[PDB]
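Enquirer: Data: target.txt, compact mmCIF, C-alpha atoms.
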```txt
# COMPACT_ATOMS: atom_id res chain seq x y z
CA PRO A 29 20.97 -62.46 19.95
CA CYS A 30 21.03 -61.55 23.68
CA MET A 31 22.59 -65.01 24.18
CA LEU A 32 25.81 -62.98 24.44
CA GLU A 33 25.77 -63.20 28.27
CA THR A 34 24.92 -66.22 30.51
CA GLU A 35 22.01 -68.68 30.05
CA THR A 36 20.67 -69.16 33.64
CA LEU A 37 19.85 -65.47 33.94
CA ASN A 38 18.46 -65.98 37.49
CA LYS A 39 16.96 -62.50 37.44
CA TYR A 40 14.85 -63.31 34.35
CA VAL A 41 13.56 -66.64 35.72
CA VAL A 42 12.10 -64.87 38.72
CA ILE A 43 10.08 -62.81 36.22
CA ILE A 44 8.86 -65.97 34.50
CA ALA A 45 7.62 -67.03 37.92
CA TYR A 46 5.76 -63.70 38.00
CA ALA A 47 4.51 -64.07 34.47
CA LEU A 48 2.75 -67.33 35.43
CA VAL A 49 1.85 -65.94 38.87
CA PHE A 50 0.24 -63.01 37.00
CA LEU A 51 -1.07 -65.14 34.12
CA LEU A 52 -3.56 -66.74 36.41
CA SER A 53 -5.35 -63.41 37.16
CA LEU A 54 -4.60 -62.51 33.54
CA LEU A 55 -7.17 -65.12 32.56
CA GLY A 56 -9.53 -63.09 34.74
CA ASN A 57 -8.62 -60.14 32.58
CA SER A 58 -10.39 -61.44 29.44
CA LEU A 59 -13.43 -61.96 31.70
CA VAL A 60 -12.96 -58.57 33.49
CA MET A 61 -11.91 -56.90 30.23
CA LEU A 62 -15.08 -57.82 28.38
CA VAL A 63 -17.48 -57.53 31.27
CA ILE A 64 -16.73 -53.93 32.26
CA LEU A 65 -16.97 -52.46 28.74
CA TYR A 66 -20.18 -54.44 28.26
CA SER A 67 -21.26 -53.39 31.75
CA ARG A 68 -23.33 -50.22 31.22
CA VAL A 69 -22.58 -49.09 34.78
CA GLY A 70 -18.86 -49.40 33.99
CA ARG A 71 -18.24 -45.99 32.33
CA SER A 72 -15.92 -44.36 34.92
CA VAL A 73 -12.33 -43.02 34.93
CA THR A 74 -11.55 -46.62 33.98
CA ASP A 75 -13.79 -46.73 30.96
CA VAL A 76 -11.01 -45.00 29.03
CA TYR A 77 -8.59 -47.57 30.44
CA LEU A 78 -10.91 -50.44 29.52
CA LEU A 79 -10.84 -49.61 25.82
CA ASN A 80 -7.06 -49.27 26.13
CA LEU A 81 -7.02 -52.41 28.32
CA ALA A 82 -8.51 -54.60 25.64
CA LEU A 83 -5.80 -53.29 23.38
CA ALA A 84 -3.23 -53.45 26.17
CA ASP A 85 -4.32 -56.93 27.21
CA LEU A 86 -4.93 -58.06 23.61
CA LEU A 87 -1.90 -56.45 22.11
CA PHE A 88 0.06 -57.87 25.05
CA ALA A 89 -1.55 -61.31 25.11
CA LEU A 90 -1.43 -61.64 21.31
CA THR A 91 2.22 -61.03 21.90
CA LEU A 92 2.43 -63.26 24.99
CA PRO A 93 2.92 -66.50 22.92
CA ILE A 94 5.98 -64.71 21.57
CA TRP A 95 7.17 -64.33 25.14
CA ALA A 96 7.09 -68.06 25.94
CA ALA A 97 8.38 -68.42 22.40
CA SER A 98 11.33 -66.44 23.72
CA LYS A 99 12.06 -69.14 26.36
CA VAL A 100 10.75 -72.17 24.45
CA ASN A 101 13.08 -71.69 21.52
CA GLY A 102 15.85 -70.37 23.75
CA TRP A 103 16.38 -67.07 22.00
CA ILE A 104 14.41 -64.19 20.49
CA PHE A 105 13.28 -63.51 16.91
CA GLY A 106 11.47 -60.56 15.35
CA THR A 107 11.42 -56.87 16.32
CA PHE A 108 8.74 -57.61 18.85
CA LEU A 109 10.96 -56.71 21.76
CA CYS A 110 10.71 -52.86 21.18
CA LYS A 111 8.01 -52.95 18.44
CA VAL A 112 5.45 -54.34 20.91
CA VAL A 113 6.43 -53.73 24.52
CA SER A 114 7.96 -50.24 24.29
CA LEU A 115 5.42 -49.53 21.62
CA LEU A 116 2.36 -50.24 23.77
CA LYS A 117 4.15 -48.58 26.70
CA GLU A 118 4.72 -45.30 24.95
CA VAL A 119 1.03 -45.03 24.29
CA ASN A 120 0.56 -45.90 27.94
CA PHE A 121 2.91 -43.07 28.88
CA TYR A 122 1.08 -40.79 26.48
CA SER A 123 -2.20 -42.27 27.53
CA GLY A 124 -2.00 -40.21 30.74
CA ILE A 125 -1.20 -36.99 28.81
CA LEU A 126 -4.04 -38.03 26.56
CA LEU A 127 -6.29 -39.14 29.43
CA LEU A 128 -7.45 -35.59 30.14
CA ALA A 129 -8.01 -35.36 26.42
CA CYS A 130 -10.43 -38.30 26.67
CA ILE A 131 -11.93 -36.61 29.68
CA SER A 132 -12.57 -33.45 27.64
CA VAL A 133 -13.54 -35.64 24.66
CA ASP A 134 -16.05 -37.68 26.65
CA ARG A 135 -17.35 -34.64 28.56
CA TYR A 136 -17.85 -32.88 25.24
CA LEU A 137 -20.57 -35.34 24.19
CA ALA A 138 -21.88 -34.24 27.54
CA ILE A 139 -21.01 -30.46 27.54
CA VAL A 140 -19.10 -28.71 24.69
CA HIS A 141 -18.82 -29.60 20.98
CA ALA A 142 -20.57 -32.94 21.21
CA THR A 143 -19.04 -35.11 18.41
CA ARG A 144 -19.03 -33.76 14.86
CA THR A 145 -22.76 -33.21 14.91
CA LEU A 146 -24.57 -36.63 14.63
CA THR A 147 -22.47 -39.56 15.97
CA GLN A 148 -22.11 -42.16 18.70
CA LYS A 149 -19.99 -41.23 21.70
CA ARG A 150 -17.56 -44.11 21.04
CA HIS A 151 -16.74 -43.82 17.36
CA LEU A 152 -15.50 -40.34 18.08
CA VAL A 153 -13.18 -41.25 20.90
CA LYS A 154 -11.66 -44.03 18.89
CA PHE A 155 -11.03 -41.54 16.10
CA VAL A 156 -9.91 -38.91 18.60
CA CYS A 157 -7.49 -41.51 19.92
CA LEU A 158 -6.34 -41.69 16.34
CA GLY A 159 -5.73 -37.93 16.07
CA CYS A 160 -4.25 -37.85 19.56
CA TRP A 161 -1.83 -40.64 18.76
CA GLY A 162 -0.38 -38.64 15.88
CA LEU A 163 0.84 -35.80 18.08
CA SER A 164 2.11 -38.57 20.31
CA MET A 165 3.66 -40.35 17.35
CA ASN A 166 5.89 -37.36 16.79
CA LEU A 167 6.96 -37.76 20.42
CA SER A 168 7.56 -41.48 19.78
CA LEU A 169 9.10 -40.86 16.33
CA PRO A 170 12.69 -40.29 17.64
CA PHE A 171 12.96 -43.89 18.83
CA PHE A 172 12.00 -45.33 15.44
CA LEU A 173 14.83 -43.10 14.19
CA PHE A 174 17.75 -43.20 16.73
CA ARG A 175 16.41 -42.79 20.31
CA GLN A 176 16.19 -45.73 22.68
CA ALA A 177 17.16 -48.97 20.94
CA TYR A 178 16.00 -52.22 19.34
CA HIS A 179 18.75 -53.97 21.29
CA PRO A 180 17.78 -57.44 22.74
CA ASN A 181 17.62 -58.44 26.39
CA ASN A 182 17.43 -61.94 27.91
CA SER A 183 14.66 -64.28 26.80
CA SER A 184 11.61 -62.13 26.48
CA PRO A 185 10.40 -59.26 24.20
CA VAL A 186 10.81 -56.73 26.98
CA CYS A 187 11.61 -53.09 26.27
CA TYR A 188 11.85 -50.40 28.92
CA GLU A 189 12.85 -46.72 28.96
CA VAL A 190 16.02 -45.38 27.44
CA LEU A 191 19.52 -46.48 28.60
CA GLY A 192 21.68 -43.31 28.64
CA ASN A 193 22.02 -39.55 28.16
CA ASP A 194 22.71 -39.39 24.39
CA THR A 195 22.56 -35.56 24.26
CA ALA A 196 22.41 -35.29 20.43
CA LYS A 197 18.98 -36.87 20.67
CA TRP A 198 18.34 -36.44 24.39
CA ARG A 199 17.22 -40.06 24.68
CA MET A 200 17.38 -39.25 28.40
CA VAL A 201 14.04 -37.52 27.82
CA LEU A 202 11.90 -40.65 27.84
CA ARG A 203 12.41 -41.06 31.60
CA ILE A 204 11.82 -37.28 31.97
CA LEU A 205 9.25 -35.97 29.40
CA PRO A 206 6.62 -38.83 28.87
CA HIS A 207 7.19 -40.47 32.27
CA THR A 208 7.90 -37.77 34.91
CA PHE A 209 6.18 -34.88 33.16
CA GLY A 210 3.35 -37.06 31.87
CA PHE A 211 1.87 -37.81 35.31
CA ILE A 212 3.70 -35.79 37.92
CA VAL A 213 3.73 -32.38 36.13
CA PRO A 214 0.01 -32.34 35.04
CA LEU A 215 -0.78 -33.96 38.37
CA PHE A 216 0.63 -30.95 40.21
CA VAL A 217 -0.76 -28.67 37.54
CA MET A 218 -4.19 -30.18 37.92
CA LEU A 219 -3.86 -29.50 41.63
CA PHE A 220 -2.81 -25.91 40.90
CA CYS A 221 -5.48 -25.43 38.23
CA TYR A 222 -8.04 -27.32 40.24
CA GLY A 223 -8.55 -24.46 42.65
CA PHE A 224 -8.75 -22.31 39.51
CA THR A 225 -11.31 -24.50 37.67
CA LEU A 226 -13.26 -24.94 40.90
CA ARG A 227 -13.84 -21.17 40.64
CA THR A 228 -17.03 -21.90 38.67
CA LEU A 229 -17.63 -25.64 39.08
CA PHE A 230 -16.70 -25.60 42.77
CA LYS A 231 -18.71 -28.54 44.18
CA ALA A 232 -21.03 -29.22 41.24
CA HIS A 233 -19.88 -32.70 40.25
CA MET A 234 -22.55 -35.39 40.35
CA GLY A 235 -21.74 -38.90 39.13
CA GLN A 236 -18.88 -39.49 36.69
CA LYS A 237 -20.19 -36.66 34.51
CA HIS A 238 -17.67 -34.20 36.01
CA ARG A 239 -16.38 -35.69 39.27
CA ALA A 240 -14.52 -38.32 37.26
CA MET A 241 -11.84 -35.66 36.86
CA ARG A 242 -10.94 -35.52 40.58
CA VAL A 243 -10.99 -39.28 40.60
CA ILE A 244 -8.96 -39.41 37.42
CA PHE A 245 -6.03 -37.84 39.21
CA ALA A 246 -6.70 -39.90 42.32
CA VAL A 247 -6.60 -43.21 40.45
CA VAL A 248 -3.41 -42.32 38.62
CA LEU A 249 -1.96 -41.20 41.95
CA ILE A 250 -3.32 -44.26 43.74
CA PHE A 251 -1.88 -46.48 41.05
CA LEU A 252 1.30 -44.48 41.06
CA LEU A 253 1.41 -44.69 44.84
CA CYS A 254 2.40 -48.26 44.16
CA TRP A 255 3.91 -48.00 40.68
CA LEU A 256 5.85 -44.78 41.22
CA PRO A 257 8.64 -45.90 43.69
CA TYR A 258 9.35 -49.33 42.19
CA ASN A 259 9.39 -48.03 38.60
CA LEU A 260 11.04 -44.80 39.63
CA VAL A 261 13.53 -46.44 41.86
CA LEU A 262 14.11 -49.17 39.24
CA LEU A 263 14.61 -46.60 36.49
CA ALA A 264 16.67 -44.33 38.70
CA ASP A 265 18.57 -47.39 39.92
CA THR A 266 19.61 -48.77 36.47
CA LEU A 267 20.59 -45.21 35.52
CA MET A 268 22.31 -44.59 38.87
CA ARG A 269 25.08 -47.02 37.63
CA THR A 270 27.43 -48.94 39.99
CA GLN A 271 24.47 -51.18 40.76
CA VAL A 272 23.01 -54.14 38.80
CA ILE A 273 24.76 -54.06 35.43
CA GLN A 274 26.97 -57.14 35.15
CA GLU A 275 24.81 -57.86 32.06
CA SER A 276 22.21 -55.86 30.13
CA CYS A 277 19.95 -58.80 29.42
CA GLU A 278 19.05 -59.50 33.08
CA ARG A 279 19.00 -55.90 34.32
CA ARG A 280 17.24 -54.68 31.17
CA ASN A 281 14.78 -57.62 31.41
CA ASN A 282 14.01 -57.55 35.16
CA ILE A 283 13.37 -53.89 34.62
CA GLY A 284 10.80 -54.99 32.05
CA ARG A 285 8.88 -56.92 34.73
CA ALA A 286 7.41 -53.50 34.96
CA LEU A 287 5.70 -53.97 31.64
CA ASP A 288 3.46 -56.62 33.29
CA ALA A 289 3.21 -54.33 36.30
CA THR A 290 1.15 -51.87 34.37
CA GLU A 291 -0.92 -54.86 33.28
CA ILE A 292 -1.31 -56.00 36.94
CA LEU A 293 -2.02 -52.59 38.32
CA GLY A 294 -4.68 -52.37 35.64
CA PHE A 295 -6.91 -54.78 37.56
CA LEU A 296 -7.35 -51.90 40.02
CA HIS A 297 -9.31 -50.34 37.15
CA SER A 298 -12.14 -52.49 38.47
CA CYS A 299 -11.58 -51.92 42.17
CA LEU A 300 -11.33 -48.15 42.52
CA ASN A 301 -14.44 -48.32 40.27
CA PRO A 302 -16.81 -50.31 42.63
CA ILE A 303 -15.21 -48.41 45.52
CA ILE A 304 -15.98 -44.93 44.17
CA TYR A 305 -19.36 -46.32 43.14
CA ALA A 306 -19.84 -47.71 46.65
CA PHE A 307 -18.72 -44.46 48.28
CA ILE A 308 -21.81 -42.40 47.54
CA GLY A 309 -24.24 -45.30 48.08
CA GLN A 310 -24.72 -46.63 51.62
CA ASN A 311 -26.09 -50.14 51.02
CA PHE A 312 -22.59 -50.99 49.82
CA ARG A 313 -21.30 -50.21 53.33
CA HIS A 314 -22.70 -53.33 54.96
CA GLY A 315 -22.53 -55.21 51.66
CA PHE A 316 -18.76 -55.77 51.90
CA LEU A 317 -19.31 -56.35 55.63
CA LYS A 318 -22.00 -58.92 54.90
CA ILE A 319 -19.76 -61.78 53.72
CA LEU A 320 -16.99 -60.72 56.10
CA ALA A 321 -19.14 -61.65 59.07
CA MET A 322 -19.78 -65.00 57.43
CA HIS A 323 -16.17 -65.46 56.28
CA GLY A 324 -17.26 -67.98 53.65
```
For the file at hand, write its structure as structure tokens.
Expert:
Amino acid sequence: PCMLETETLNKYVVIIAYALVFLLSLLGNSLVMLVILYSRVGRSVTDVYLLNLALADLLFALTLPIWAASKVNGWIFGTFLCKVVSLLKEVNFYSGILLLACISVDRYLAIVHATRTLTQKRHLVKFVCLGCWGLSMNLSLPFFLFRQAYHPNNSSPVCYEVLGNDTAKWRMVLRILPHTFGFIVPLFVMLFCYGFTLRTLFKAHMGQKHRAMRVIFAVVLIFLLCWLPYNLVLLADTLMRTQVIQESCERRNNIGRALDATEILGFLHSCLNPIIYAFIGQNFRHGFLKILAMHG
């Protein structure tokens, strides 16, 4: 029962406004979700995200009825607040750690140790995702135990990163290890190592076969260009006390608007794709120009 506080919860309503504002593209997502995976020419840095996206969009949407169910009834019911939203998140945090894994996994069918010996490229990566998760599970295991919380907030199953220090368990770490160190540290490291790896594969990088890797970091960084300061400054902000806190439900929920934000940024997984595609080609140049002259 988060009904402990006030009902209006003006912060949370604004998010509902977003959820419907975002739902409308969301409907595009089942269309965009299915098309790209079934689009043969859709196997870029996003292809990994598209498999995740179906899960991220499905697991989320399957759970979306629960979200209106959280406002329709008036309260919340289940363990869906952390069991779904933080749950899918944590994989999303880990996804980035894991993303290079998928890069090495997918390259492998292309360069080293291709599959087990006779198998599709896909079946492997699902199963690799399965092994990969397990190391990740151990990282996510603390929360099932005592880290973070299954505490409620407002009228929606929205979980976000950990609330306080909690040094016994270092719950503090979720903001720092999965989040900060999951993108920013390997991101710098890639940049450090990149000159090093370029030592042999300096320019050699045709198509998504190898180049994807530069792009991989770009797209995270592009995406984080926009997701980094709001999520960072939100997370810093809630933890930088003195500010928004007159109730956990609103400030813990509005902070969860961010859960849809990774859904919304995900549509870029189909825009940096045609763009990087378009970059090498040259017919694409005037193609975007084409309609622009005509406006219609």
Enquirer: Check which residues of region 179-275 of chain A sit at most 8 Å from region 106-126 of chain A using all atoms listed in the file, and return one row each with the closest pair of atoms and their distance in Å to one decimal, ordered by chain and rising number, as CSV.
Expert:
```
residue,atom,partner,partner_atom,distance
A:180,CA,A:109,CA,6.9
A:184,CA,A:109,CA,7.2
A:185,CA,A:109,CA,3.6
A:186,CA,A:109,CA,5.2
A:187,CA,A:114,CA,5.0
A:188,CA,A:114,CA,6.0
A:189,CA,A:114,CA,7.6
A:206,CA,A:121,CA,5.6
A:207,CA,A:121,CA,6.0
A:210,CA,A:125,CA,5.5
A:211,CA,A:124,CA,6.5
A:214,CA,A:125,CA,7.9
```
Enquirer: Provide the CA of residue 64 (chain A) to CA of residue 89 (chain A) distance in Å, to one decimal place.
Expert: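 For CA of residue 64 (chain A) relative to CA of residue 89 (chain A), the distance reads 18.3 Å.
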Enquirer: I'd like to know which of A:55, A:92, A:84, A:283 is closest to residue 42 (chain A), using all atoms listed in the file.
Expert: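 Going through A:55, A:92, A:84, A:283 one by one, the smallest distance to residue 42 (chain A) is for A:283.
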Enquirer: Quick one, how far is CA of residue 48 (chain A) from CA of residue 105 (chain A)?
Expert: 21.6 Å
Enquirer: Which one is closest to residue 257 (chain A): A:302, A:57, A:222, A:208? Count only C-alpha atoms.
Expert: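 For residue 257 (chain A), the nearest of the candidates is A:208.
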Enquirer: From the options A:276, A:181, A:164, A:298, which residue's atoms come nearest to residue 65 (chain A), counting all atoms listed in the file?
Expert: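 For residue 65 (chain A), the nearest of the candidates is A:298.
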Enquirer: CA of residue 71 (chain A) to CA of residue 212 (chain A): how many Å, to one decimal?
Expert: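 Taking CA of residue 71 (chain A) and CA of residue 212 (chain A), their separation equals 24.8 Å.
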Enquirer: Check the smallest atom-to-atom distance from each of A:241, A:289, A:87, A:78 to residue 49 (chain A) using all atoms listed in the file, then report the winner.
Expert: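 Of A:241, A:289, A:87, A:78, the one nearest residue 49 (chain A) is A:289, counting all atoms listed in the file.
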Enquirer: For residue 304 (chain A), which residue among A:199, A:242, A:151, A:175 is the nearest when counting all atoms listed in the file?
Expert: A:242
